[PDB]
Amino acid sequence: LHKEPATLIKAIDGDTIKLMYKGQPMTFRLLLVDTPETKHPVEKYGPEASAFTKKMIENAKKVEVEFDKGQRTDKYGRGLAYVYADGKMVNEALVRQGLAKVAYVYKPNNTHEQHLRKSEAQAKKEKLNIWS
Ligand SMILES: Cc1cn([C@H]2C[C@H](OP(=O)(O)O)[C@@H](COP(=O)(O)O)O2)c(=O)[nH]c1=O
Ligand SMILES: [Ca+2]
């Protein structure tokens, strides 16, 4: 895997972000995590998860996306990646706060699965947010 640059256009919620990627606007969806729902007919921690992601990505000097080894888009045309804000993975950062659960683990796009699971287990042990 490798990291590629991208530019924030707009944070939609905890796990979905509009980025300019190779000079094209695209919606990206965070691999291997689910933040609580706030759009579809809002769940506990959804607003919190959304605020966390917005803050973390708006404050970055540099945003990067890292696709995994399989599909690079989902059925909705959203890019599927690990997103990094100044070298810090947003997917991990949410899970580590108990603001997302490890989810949608679809092979072969599971390269950081164990890494994320370890962060979720610490968020659980610490009773944070979703685990409170
Ligand atoms: C994260 C992820 C989501 N999705 C799809 C699965 C879910 O489809 P369905 O809506 O048909 O269940 C939806 C979950 O995304 P959200 O959590 O944004 O709703 O997006 C993928 O297909 N692959 C992925 O890697
Ligand atoms: Ca979600």
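Heavy atoms only: backbone and side chains are in, while hydrogens, waters and symmetry mates are out. Numbering starts at 1 and runs along the sequence shown. Order of listing sets the numbers, starting from 1, for every ligand and every atom in it.
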Do you reckon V65 sits in the same ILVMFWY cluster as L8, going by side-chain contacts under 4.5 Å, direct or chained?
yes
Return the orientation label for the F28 and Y21 ring planes: parallel under 30°, perpendicular over 60°, tilted otherwise.
perpendicular
Are any of the N/O atoms in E37 less than 3.5 Å from those in ligand 1?
no
What protein heavy atom sits nearest atom 7 (C) of ligand 1, and how far off is it?
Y104 CE2, 3.8 Å
Interatomic spacing from OG1 in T35 to CD in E43 - rounded to 0.5 Å:
9.0 Å
Test item, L30 contacting ligand 1 (heavy atom, 4.0 angstrom):
yes
Atom 10 (O) of ligand 1: the protein heavy-atom neighbour that sits closest, reported with distance to 0.1 Å
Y76 OH, 3.2 Å
To the nearest 0.1 Å, how far is atom 11 (O) of ligand 1 from its closest protein heavy atom, and which atom is that?
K75 NZ, 2.7 Å
Is there a heavy atom in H40 that sits closer than 4.0 Å to ligand 1?
no
Of all the N, O or S atoms in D34, the one nearest to the Ca ion (ligand 2) is OD1
Closest candidate by heavy atom, reference atom 4 (N) of ligand 1, pool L32, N91, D74:
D74
What closest approach, in Å, do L128 and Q97 show between heavy atoms, and which atom pair accounts for it?
CB-O, 3.5 Å
Of all the non-hydrogen atoms in the protein, which one sits nearest to atom 3 (C) of ligand 1, and at what distance?
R78 NH2, 3.9 Å
Using only N, O or S atoms, tell me which atom of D15 is closest to the Ca ion (ligand 2).
OD2
Just wondering, is there an N, O or S atom on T35 that's nearer than 3.0 Å to the Ca ion (ligand 2)?
yes
Atom 25 (O) of ligand 1 has as its nearest protein heavy atom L80 CD2, 3.4 Å
Please lay out, stage by stage, how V83 and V63 fare under the test side chain to side chain contact (heavy atoms under 4.5 Å, CB included).
CA-CA 7 Å; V83 176; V63 174; 4.1 Å; yes
For atom 15 (O) of ligand 1, is the nearest protein heavy atom under 4.0 Å away?
yes
Contact check, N109 vs ligand 1, heavy-atom distance below 4.0 Å
no
Please report the closest heavy-atom contact between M89 and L116, naming both atoms and the distance.
SD-CD2, 4.3 Å
